[PDB]
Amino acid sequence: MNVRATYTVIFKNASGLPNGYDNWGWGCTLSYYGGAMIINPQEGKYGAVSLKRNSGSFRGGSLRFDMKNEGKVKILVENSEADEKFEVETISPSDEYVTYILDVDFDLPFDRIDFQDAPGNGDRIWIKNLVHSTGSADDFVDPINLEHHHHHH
């Protein structure tokens, strides 16, 4: 048996929603520039992007992404069949991109990945380089595709 993780690059540079995903989000408008998904939540809506994998689910593992964000951002996953949600982490503000690699300890499969404006104050959120691994955060190695190019030596 192959014990290495499956890495799913959901998007690197975003110029729209990733192929294979719908947005079941709420209370926001999304724009795309400079390879970032830019979320502008509406004041008072506790808005979110909710990326819905149209075919299949993820299980456990970890989520990796670059984010900058004016306010706290709650990361959730959901199982749409059971309508069950799980808070992965709430991330504090940062005025520069930070790479996060977060364990997902939820014990149902998930088909929705949510980035939510936790304070409901309309703080903007920028996301790039979103990847799921079936392995742990401690075992996570960035996919070669995330490099600006890759010319193998």
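Numbering starts at 1 and runs along the sequence shown.
For the pair 27-35 and 46-54, the mean B factor over Cα atoms is greater in 27-35. Mean CA B-factor, 10-18 versus 125-133: the higher value falls on 10-18. Per the deposited record, the Cα B-factor of residue 70 falls in the middle third when ranked against the other modelled residues of its chain. Residue-level temperature factors show residue 87 in the middle third of its chain, judged at the C-alpha atom.
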